[PDB]
Amino acid sequence: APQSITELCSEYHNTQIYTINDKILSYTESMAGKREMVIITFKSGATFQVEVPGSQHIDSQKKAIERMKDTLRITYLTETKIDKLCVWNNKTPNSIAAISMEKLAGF
Amino acid sequence: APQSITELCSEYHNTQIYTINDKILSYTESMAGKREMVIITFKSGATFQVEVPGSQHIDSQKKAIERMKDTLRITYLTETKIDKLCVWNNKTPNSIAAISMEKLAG
Amino acid sequence: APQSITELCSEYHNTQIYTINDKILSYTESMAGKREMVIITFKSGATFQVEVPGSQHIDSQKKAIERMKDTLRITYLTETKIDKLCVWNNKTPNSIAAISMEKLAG
Amino acid sequence: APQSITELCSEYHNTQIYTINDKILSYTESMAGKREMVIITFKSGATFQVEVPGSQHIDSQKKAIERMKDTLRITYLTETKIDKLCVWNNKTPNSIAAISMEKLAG
Amino acid sequence: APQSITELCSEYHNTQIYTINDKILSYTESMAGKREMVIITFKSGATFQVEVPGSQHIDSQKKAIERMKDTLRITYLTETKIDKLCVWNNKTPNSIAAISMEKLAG
């Protein structure tokens, strides 16, 4: 198993690491039919999504998707700083595949 | 996929964007038979709901409904400021379809 | 759909609104066989419960029950002030049907 | 339905009320095969568990078990003070059946 | 049932107790296909994971896995101090089997 998000991102095609190093700017959540997703943006202008489980996501990914959206919501509310983001750049906006958060210093 | 709530709201009929820019005033939750919904209001007078799951909804929408109600509760408790709300205005009160929050407050 | 808890409470028999306007005093939770419930009390002496899921509830009320218990726990821990409670008074203690909260401060 | 944890504890054999009146000292959680449980201890030396789901439980308790463990974790993290604990003393360590917390006790 | 994480770790082959006594340094979470896991590291250099659900896990462990991951996320966010970790050292990185957190500090 990978010991790093960037190492994990290396195992997939069409993925890419985006060093965020910033808190989430906006949390968007939709329960609208066929567009049940989450969209997060940062002050950098960068926009990402947790695409709709719509006709092709493994069973192993089902819960992992819900977990990711959970994480994004709480990360937003707590204003926690996101380090990096492993995303699929072949989608618009870029779909989130993994997330990392580092709590540097103050240890 | 849409890159904004405003853009996503544009993809549906009977929907409308309401710039809230305020924290939730009141959280109402019911588990009463046939009406296990949530009703949120703001100091503006505006009232919204996360309607009861029925035939008008699809399967993917089942969890998304639960998530929305979850979000509304925590958003209330943490007194977080809601930016906009994509809602279906052909329902009373207006049913929530999407929600956005901005932390311009950084 | 009702736009108020008061209005929602009006749609059922044996229900009643109790203006609590206070934070929860005690949170009691049981996982004991056949007594899987939650009991909340206030300084007023008032005691309420989220009765055990039985035949009295309907198919699509099962999650609403869990949600209510979730709400009660967090409401307790965060010391949030509960406004009103729509409860069935034909039970002992009074079973909770709906709950409202309103943060009237800034 | 019981209006008190002490009252509820009275409805079972092998149970007993233990006045804790203290915050949790240590939270232990295991996902190890056949040891999916939680163990909490207090500075008084007392140790308790939320035993692994098996036949002693009925389907109703299934979620109530997860809820209890949820409660124990958050109670720990938030350093919330636990009042009493209704536990089955015929188990080692004592299995938790119910829990009570009482705010503004001074 | 074990009354200690150290005691519980003694019941398995290939496990080992690692006295962490520190808050989590980094939380990594992946929903990527076949790599749906969590990776946590500390300033000591130590790296751990909550491996992807497969054959090595029994139907029992399924939820306990999700619980562990839940715990790790909140533990990180709240900057809570982890005391010990019972892990399987026959995996890379070391897979988490149990976790303990002590108070009187944190």
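1. Here's the deal with unusual backbone geometry
Then step 1. Here A:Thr92 and A:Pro93 are connected by a cis peptide whose omega angle stands at 0°.
Then step 2. For A:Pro93, the position within the fold is in the loop between β5 (81-88) and β6 (94-102).
Then step 3. A positive phi angle, close to 45°, is found at C:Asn21, a residue other than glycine.
Then step 4. Take C:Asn21: it is sitting in strand β1 (residues 15-23).
Then step 5. The exposure class of C:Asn21 is partly exposed, given its relative accessible area of 47%.

2. Remarks on the UniProt feature "disulfide bond" in chain A
All names here are of chain A.
Then step 1. Per UniProt, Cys-9 and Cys-86 form a disulfide, and the coordinates bear that out, putting the sulfurs 2.1 Å apart. Here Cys-9 is found in helix α1 (residues 5-9), whereas its partner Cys-86 is found in strand β5, with 77 residues between them in sequence.
Then step 2. By relative accessible area, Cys-9 is classed as buried at 5%.
Then step 3. The exposure class of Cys-86 is buried, given its relative accessible area of 0%.

3. Let's talk about the packing of helix α2 (residues 59-77) of chain A against helix α2 (residues 61-77) of chain B
Each pair of packed helices can be summarised by the angle the axes make with each other and by the distance between the axes.
Then step 1. Put simply, α2(A) and α2(B) touch, their axes get as near as 12 Å, and they point 15° apart. Of the possible angle classes, the one that applies to α2(A) and α2(B) is roughly parallel. Crossing geometry of α2(A) relative to α2(B) is assigned as right-handed. From α2(A), A:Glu66, A:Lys69, A:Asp70, A:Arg73 and A:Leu77 reach across to α2(B), where they touch B:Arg67, B:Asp70, B:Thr71 and B:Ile74.
Then step 2. Per-class residue counts for the contact of α2(A) with α2(B) are 2 nonpolar, 1 polar and 6 charged.

4. Here we look at the arrangement of the chains
Then step 1. Nothing in chain A touches chain D; the tightest C-alpha to C-alpha distance between them is still 15 Å.
Then step 2. Of all C-alpha pairs spanning chain C and chain E, none lies closer than 15 Å, and the two are not in contact.

5. Comments concerning the pattern of salt bridges
Then step 1. Overall, the coordinates contain 42 salt bridges over all chains when judged by the stated rule.
Then step 2. Put simply, C:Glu66 and D:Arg67 hold a salt bridge, and the shortest N to O gap is 3.4 Å. Of the two residues, C:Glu66 is situated in helix α2 (residues 62-77) and D:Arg67 in helix α2 (residues 61-77); the pairing between them involves two chains. Comparing C:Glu66 with D:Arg67, the two get one shared label, buried.
Then step 3. Linked through salt bridges whose partners overlap, the residues forming this network are A:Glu66, A:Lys69, A:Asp70, A:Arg73 and B:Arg67.

6. Observations concerning the environment of D:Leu72
All names here are of chain D.
Then step 1. Looking at the element boundaries, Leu-72 is found in helix α2.
Then step 2. Here the alpha-carbon distance between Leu-72 and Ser-30, two residues 42 residues apart in the chain, equals 14 Å.
Then step 3. Residues in contact with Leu-72, not counting those within four places in the same chain, are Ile-24, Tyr-27, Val-38, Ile-40, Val-50, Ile-96 and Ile-99.

7. A short note on the pairing of strand β5 (residues 81-88) of chain C
All names here are of chain C.
Then step 1. Burial within β5 is extensive, with 6 of its 8 residues counted as buried.
Then step 2. As judged from the 7 bridges shared by β1 and β5, these two strands associate in the antiparallel manner. Considered in β5, the bridge of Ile-17 is made with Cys-86.
Then step 3. Taken together, the 6 bridges between β5 and strand β6 (residues 94-102) define a ladder with antiparallel strand orientation. Across the sheet, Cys-86 pairs through a bridge with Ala-98, a residue of β6.
Then step 4. Between β5 and β6, which follow one another and run antiparallel, lie 5 residues.

8. Observations regarding the relation of the copies chain C and chain D
Then step 1. Mapping chain C onto chain D calls for a rotation angle of 73° and an axial translation of 0.4 Å; the resulting RMSD is 1.0 Å. Taken together, these values place the two copies in the relation of a five-fold axis.
Then step 2. Of the interface residues in chain C, just 4% have counterparts in chain D that sit at the interface too, so the contact is made through distinct surfaces.

9. With respect to the packing of α2(D) against helix α2 (residues 61-77) of chain E
Then step 1. It is at 12 Å that the axes of α2(D) and α2(E) come closest, and there the two elements cross at 20°. As the angle between them shows, α2(D) and α2(E) are arranged roughly parallel. The chirality of how α2(D) crosses α2(E) is right-handed. Of the residues in α2(E), those in contact with D:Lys62, D:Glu66, D:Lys69, D:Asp70, D:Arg73 and D:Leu77 of α2(D) are E:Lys63, E:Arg67, E:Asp70, E:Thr71 and E:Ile74.

About the cut-offs
Residues numbered from 1 in each chain as written, not as in the entry; some residues may be left out. Chains lettered and ligands numbered in written order. Heavy atoms only, no water. Helix = DSSP H or I, 4+ residues; strand = E, 2+ residues; numbered from the N terminus. Buried < 20%, exposed > 50% of the residue type's maximum accessible area, 1.4 Å probe, protein only. Disulfide = S-S within 2.5 Å. UniProt positions renumbered as here; feature names shortened; annotations may be inferred. Axes fitted to C-alpha atoms, helices over the stretch in contact; angles between N-to-C directions. Parallel < 35°, antiparallel > 145°, perpendicular 65-115°, else oblique. Left-handed = near helix turned anticlockwise from the far one by under 90°. Contact = heavy atoms within 4.5 Å. Nonpolar A, V, L, I, M, F, W, Y, C, P; charged D, E, K, R; others polar. Salt bridge = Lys/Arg side-chain N within 4 Å of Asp/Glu carboxyl O. Pairing = 2+ DSSP bridges. Least-squares fit on C-alpha atoms.

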